[PDB]
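Survey of secondary and tertiary structure
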Amino acid sequence: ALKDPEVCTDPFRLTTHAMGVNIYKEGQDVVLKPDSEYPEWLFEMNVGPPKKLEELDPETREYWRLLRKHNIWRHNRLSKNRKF
Amino acid sequence: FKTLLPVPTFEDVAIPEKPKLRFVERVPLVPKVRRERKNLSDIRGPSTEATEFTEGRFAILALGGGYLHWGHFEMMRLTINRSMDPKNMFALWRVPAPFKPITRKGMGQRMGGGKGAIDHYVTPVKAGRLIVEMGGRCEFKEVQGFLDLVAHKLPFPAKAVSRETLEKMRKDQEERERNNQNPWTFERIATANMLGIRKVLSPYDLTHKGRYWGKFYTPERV
Amino acid sequence: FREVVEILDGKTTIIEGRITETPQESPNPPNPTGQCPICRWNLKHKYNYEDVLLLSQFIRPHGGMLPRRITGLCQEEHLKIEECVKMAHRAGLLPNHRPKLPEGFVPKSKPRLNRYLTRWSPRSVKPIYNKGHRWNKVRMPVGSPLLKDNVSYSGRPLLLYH
Amino acid sequence: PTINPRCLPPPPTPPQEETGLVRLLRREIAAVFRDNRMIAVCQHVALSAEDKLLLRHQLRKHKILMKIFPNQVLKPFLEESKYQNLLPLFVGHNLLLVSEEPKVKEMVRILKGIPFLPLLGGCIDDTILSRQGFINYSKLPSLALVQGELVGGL
Amino acid sequence: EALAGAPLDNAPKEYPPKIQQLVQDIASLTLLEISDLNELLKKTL
Amino acid sequence: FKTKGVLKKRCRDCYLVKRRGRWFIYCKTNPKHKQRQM
Amino acid sequence: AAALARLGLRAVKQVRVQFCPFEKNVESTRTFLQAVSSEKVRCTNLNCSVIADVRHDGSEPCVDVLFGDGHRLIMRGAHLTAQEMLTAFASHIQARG
Amino acid sequence: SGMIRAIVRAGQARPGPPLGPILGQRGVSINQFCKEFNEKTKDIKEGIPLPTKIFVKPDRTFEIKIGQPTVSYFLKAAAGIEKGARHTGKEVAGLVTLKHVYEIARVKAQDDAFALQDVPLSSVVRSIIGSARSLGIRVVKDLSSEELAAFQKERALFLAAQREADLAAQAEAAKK
RNA sequence: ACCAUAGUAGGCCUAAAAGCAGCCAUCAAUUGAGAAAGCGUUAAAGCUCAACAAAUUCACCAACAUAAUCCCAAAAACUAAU
Ligand code: FES
Ligand SMILES: [K+]
Ligand SMILES: [K+]
Ligand SMILES: [Mg+2]
Ligand SMILES: [Mg+2]
Ligand SMILES: [Mg+2]
Ligand SMILES: [Mg+2]
Ligand SMILES: [Zn+2]
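Residues numbered from 1 in each chain as written, not as in the entry; some residues may be left out. Chains lettered and ligands numbered in written order. Part of a larger assembly, values for the part shown. Heavy atoms only, no water. Residues with missing side-chain atoms left out of burial classes, pairs and counts.

Its PDB header attributes the entry to cryo-EM and lists the resolution as 3.5 Å.

Examining the overall build of chain H
A tally of regular secondary structure across chain H gives seven helices and five strands. Each helix and strand of chain H, placed in order from N terminus to C terminus, yields the pattern β-α-α-β-β-α-β-α-α-α-β-α. The buried share of chain H, taken over its 176 residues, is 43%. In the form shown here, chain H has an accessible surface area of approximately 9900 Å², with 54% of it arising from carbon and sulfur atoms. (Helix = DSSP H or I, 4+ residues; strand = E, 2+ residues; numbered from the N terminus. Buried < 20%, exposed > 50% of the residue type's maximum accessible area, 1.4 Å probe, protein only. Areas by Shrake-Rupley, 256 points an atom, 1.4 Å probe, with all protein chains shown as cover.)

Points about the pairing of strand 2 (residues 51–56) of chain H
Residue and element names in this part refer to chain H. Only one face of strand 2 is covered, namely the one carrying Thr52, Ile54 and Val56; the face carrying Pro51, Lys53 and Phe55 has none of its residues buried. Pairing of strand 1 (residues 2–7) with strand 2, which is carried by six bridges, proceeds in the antiparallel orientation. Across the sheet, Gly2 pairs through a bridge with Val56, a residue of strand 2. As paired elements, strand 2 and strand 3 (residues 62–66) share five bridges and run antiparallel to each other. Residue pairing for strand 3: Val56 is matched across the bridge by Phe62. Adjacent in sequence and paired antiparallel, strand 2 and strand 3 are bridged by five residues, among which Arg60 carries a positive phi angle near 65°. (Pairing = 2+ DSSP bridges.)

Remarks on the nonpolar core
Judged by nonpolar contacts, the single largest core of 83 residues is most densely connected at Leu78 of chain D together with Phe89 of chain G. Sort the elements by how many residues they give to this core and helix 1 (residues 20–32) of chain D lands first, with seven residues. Beyond its immediate stretch of four places on either side in the chain, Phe89 of chain G contacts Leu4, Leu9, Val12, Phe32, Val65, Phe67, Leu73 and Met75 of chain G. In terms of nonpolar packing, the next biggest core, distinct from the first, is built from 32 residues, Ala18 of chain A together with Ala78, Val124 and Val139 of chain H among them. (Core = buried A, V, L, I, M, F, W, Y, C linked by side-chain atoms within 4.5 Å. Contact = heavy atoms within 4.5 Å.)

Brief notes about a positive patch on the surface
Together, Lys83 of chain A together with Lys2, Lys4, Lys8, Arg10 and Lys32 of chain F line one region of the surface with positive charge. Relative to the elements of secondary structure, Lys4 of chain F occurs in strand 1 (residues 3–4). (Patch = residues over 30% accessible without salt bridge, like charges linked within 9 Å, V, L, I, M, F, W, Y side chains within 5 Å. Salt bridge = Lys/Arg side-chain N within 4 Å of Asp/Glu carboxyl O. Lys, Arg positive; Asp, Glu negative; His and termini not counted. Charge placed at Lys NZ, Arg CZ, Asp CG, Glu CD.)

Points about the packing of aromatic side chains
How two aromatic rings sit relative to each other is given by the distance of their centres and the angle of their planes. Residue and element names in this part refer to chain B. For the coordinates displayed, the defined rule picks out 15 aromatic pairs over all chains. With a centroid separation of 5.7 Å and 35° between ring planes, the pair formed by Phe58 and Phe140 is classed as tilted. You can see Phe58 sitting in strand 1 (residues 58–62) and its partner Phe140 sitting in helix 2 (residues 140–152), a full 82 residues away along the chain. When sorted by exposure, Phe58 lands in the same class as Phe140, which is buried. (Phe/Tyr/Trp six-rings, centres within 6.5 Å; stacked < 30°, edge-to-face > 60°.)

Looking at helix 7 (residues 145–175) of chain H
Relative to the 45 Å expected for 31 residues at 1.5 Å per residue, helix 7 of chain H spans 45 Å between its end C-alpha atoms, a close match to the ideal helical length. Among all positions in helix 7 of chain H, only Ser145, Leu148, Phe151, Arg155 and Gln162 of chain H are buried. Here the buried face of helix 7 of chain H lies against helix 1 (11–16) of chain A together with strand 4 (95–96) of chain H. (Expected span 1.5 Å × (residues − 1).)

So, the interface of chain H and chain A
Counting residues at the interface gives 43 residues for chain H, matched by 34 residues for chain A. When chain H packs against chain A, the two sides together hide about 3400 Å² of surface, and 65% of this comes from carbon and sulfur. When the buried area of chain H at its contact with chain A is split by residue, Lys99, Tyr102 and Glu103 of chain H rank highest and sum to 17% of it. For the pair chain H and chain A, the interface holds one salt bridge. If you list the elements that add at least two residues to the side of chain H that touches chain A, you get helix 3 (71–79), helix 4 (98–109), helix 6 (121–135) and helix 7 of chain H. With seven residues, the top contributor of residues to the side of chain H that touches chain A is helix 4 of chain H. Each residue belonging to the side of chain H that touches chain A can be placed in one class, and the counts come to 20 nonpolar, ten polar and 13 charged. (Buried area = accessible area lost by both parts, 1.4 Å probe. Nonpolar A, V, L, I, M, F, W, Y, C, P; charged D, E, K, R; others polar.)

Focus: the protein's contact with RNA strand I
Close to RNA strand I lie 82 residues, the nearest being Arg61 and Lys69 of chain A, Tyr116 of chain C, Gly5 of chain F together with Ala85 of chain H. The sugar-phosphate portion of RNA strand I accounts for 70% of its atoms within 4 Å of the protein, the bases making up the rest. A distance of 2.8 Å separates a base oxygen of RNA strand I from a polar atom in the backbone of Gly130 of chain H. Within the side chain of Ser131 of chain H, one N or O atom sits 2.6 Å away from a base oxygen of RNA strand I. Secondary structure elements with two or more residues in the surface near RNA strand I: helix 2 (61–78) of chain A, helix 3 (68–71) of chain C, helix 2 (49–60) and helix 3 (71–80) of chain D together with strand 1, helix 3, helix 5 (112–117) and helix 6 of chain H. (Near = heavy atom within 4 Å. Polar contact = N/O pair within 3.5 Å; in protein donor to acceptor, adjacent residues only side chain to side chain.)

Some remarks on the side chain of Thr97 of chain H
Along the chain, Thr97 of chain H turns up in the loop between strand 4 and helix 4. For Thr97 of chain H, the contacting residues outside a window of four places in its chain are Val140, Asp142 and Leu143 of chain H.

Description of the domain arrangement of chain H
Residues and elements named next belong to chain H. Here chain H is partitioned into domain 1 (1–67) and domain 2 (68–142). The interface of domain 1 with domain 2 comprises six residues on the first partner and six residues on the second. Regarding the contact of domain 1 and domain 2, the summed buried area is about 510 Å², with carbon and sulfur atoms giving 74% of it. Summed over the three residues of domain 1 that lose the most area to domain 2, namely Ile48, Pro49 and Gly67, the buried surface amounts to 67% of that side. Where domain 1 touches domain 2, the interface holds zero salt bridges. Where domain 1 packs against domain 2, one counts zero residue pairs in polar contact. In the side of domain 1 that touches domain 2, the residues fall into four nonpolar, one polar and one charged. (Domains from an automatic or database assignment.)

What follows is the structure, given as structure tokens:
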């Protein structure tokens, strides 16, 4: 019985307006501003797959951030033989 | 604060199709209608077949000798299949299906008459022969956990070993043999026939070097 | 050495620690390049349960033994010292290192049975009712295997099991 | 062996190599001690996760940030630096407060709002102060007011 | 180099020597230089 | 108790202790974990 | 800290800690302060005020407690260790309650 | 006495599951929630999920605070798809530009989870992208109407293939 | 020892699947913390373990019941041993 409200299917409006952003009944669709006015840092993030271990740099926290994550993965696998 | 040690990476390992252990038949397809003598030299002495890894990185090393029949194959197959991850682990048999017939004469009858009827089939295993070889993209610590359970239930004493561990116990059986501070060793006395000891020793003791007695293999004897 | 003093003065409790002067190590050891105290004074493989003057420097005032971290002994020697102290207490030596209990000394018991070189504890050994013949003989342990590396002037190995 | 190797003097000490993570913390400590004018030390206290996050938000209102550094890479760095006199404050658990354009009137008020968050000390513009010195510095006027009254006295 | 010893309020008696020498330097100037010093300070501050 | 050959900890609160010349597995939360070496 | 939470700190009225952080024999007092000021210990009586007095030349690291019965436990921790201070605090709670 | 994490449609608190057995177990009637929460928000469309925090007090009273909607509904509405991808990674559920993710960041920047930490704008957008990694929607640098339109037709054909395949699968299970 | 907070009931799935039937992915806030290592719940909640800091003796492994007329030399850890 509980379902999400109907969404827009017009390609022209979806590519120019984000329908899901406006959640107020009294609100309106926020018109797309030119991409030049957009900050340059939103066109710099890793859109594709996440960085591997080698693409990072040892003199950067990103390498240690990912290496910390890998240590937890290694410790979790070795703990599969817990009898407790 | 501690040290972030690097983690091993396993990306060059390819998992073959059907990684679980293959089913083994209770009796070979063509039965042996001729009953042969119970050779016991197939257990005595060191193994010459299947003493090295082929594809995997972990295996069960047979320290002693013994016979494996269809019951032990079921125990090895069922335990490994339900305890490993098929996506990351693949296992391979290192012993053939049971082929040597074992004879059991009827209950309660006088000696004589001849060899009885064929009861079951066994697989002879010597000392130092790998039984089940497993490989994959996982470390040895977790593979060792559920392999010692299988190795404990085998007839002959056995251990769960890997590529690095097996070489270390072979590189220490030579260092312990090179630095021995005892002038007299079984190899020197037996071969040279000192004290007329050949009357007590067996002709196979020249090759065994005193490390093998019957089907029992003591690795601490130099 | 530091001691703790607790005082009750009219519903007020005061707890303070006072430092007492501590005897220091002797100035000149025969082997200055040693690591642990035992082998620094050439006492390696040369002490036994009788050497009270040595075992009385690695024990607490109430019979306990100091931790290996404080003393600095190596693990191999620390276990040997621990074994000797246990054997010394059971042997009857070190009489001033027992705790004081005024209520318990009055009810005397059966007189103490003199003993020495007791490996186990008196309350944890069961009589050997079925000893056995010479081909399977239950031998009563004497001393500890940790002290089999001591120097033997006679040259005969020490008989630990008899 | 004639003499057990344990009793023999230890072998020459192998040279430990500092990794990237250790060297990363070395320059961050150097950076946070270089471009920042106010460095306030504090005794870190185990608080509620909601309360700890609330403290971060409140300090954000006055541009005050807080960072935590392990003593393994901080004590050797401060020993060789010009702030060696803060070493007694960095023996146990610790917390570091960082601010630009220092102003402790809005910082002490937050600290006094929680009675169990001690303010050990710190260095303000290459000058080491105690808690009382921080309190006196808090009641002290700003540069404009003090300098404006300086010409009045002269 | 090294930093200061962080004197306390229990026995606060030692003022910085840099202030003391500045007082002597200021006091070692004539009233004409007082006006010059004041005017420069007023212009800057 | 349960006279057993090899002692294993069934839960993380079991603590080994050697009394009367034998090792005993004593547990506080679950008394059923009490084991005794033979 | 975990020991104090299980023992019911609700019978403690007021705790104050006076120490000089710039001294050498105040490490023990710091550890005692962090244990009694932990989140678990705090959530036992929402009336108890923990005071962390900080001085420089006081030269007397001390801890003062007042129990519900009305006794005054004051221990000057300069040579005592953190374990000794906490254990004494724990012992008085059971007796005075 | 505790905290309750419940997602309720705007002004659609039903006197039943999942609100009934959960909120009523602590000792709070639903008719109280039929007036408080429903009147709490009246300018928000019903059917849009809203993660709400309920703090039940020892006197059986309660407090309600409303946060921003979930990321799942935002990106599904941004991509115009009714549900997420069944197999994430194998298939792409929806295609959106960087404007949708960036614009969502401001809406969620005022959420109590992110606003309290005063996270920068770059913090929120990465979380939305990370959420889209598991949601099946691929972020696109920039696209136009026809590029999006082509994806819709391809998605419909694959959806229709799975829609009818599921119908056959259910029939196979029942008959066998 | 000490210590636990973000998106977020991730998608799918199911009567309900909130780290914890299964499928799929395994990104991401914070100096710090795994779309989860274990327990638990109908589902949640909750406890614990990895990561913060603190801090630094050492810690792979080695446990196995009993017979019948009455146990069975006595006893002993150092005075010099090819
Ligand atoms: S280190 Fe030489 S005897 Fe202890
Ligand atoms: K066996
Ligand atoms: K699940
Ligand atoms: Mg991360
Ligand atoms: Mg932990
Ligand atoms: Mg029995
Ligand atoms: Mg007799
Ligand atoms: Zn237990």
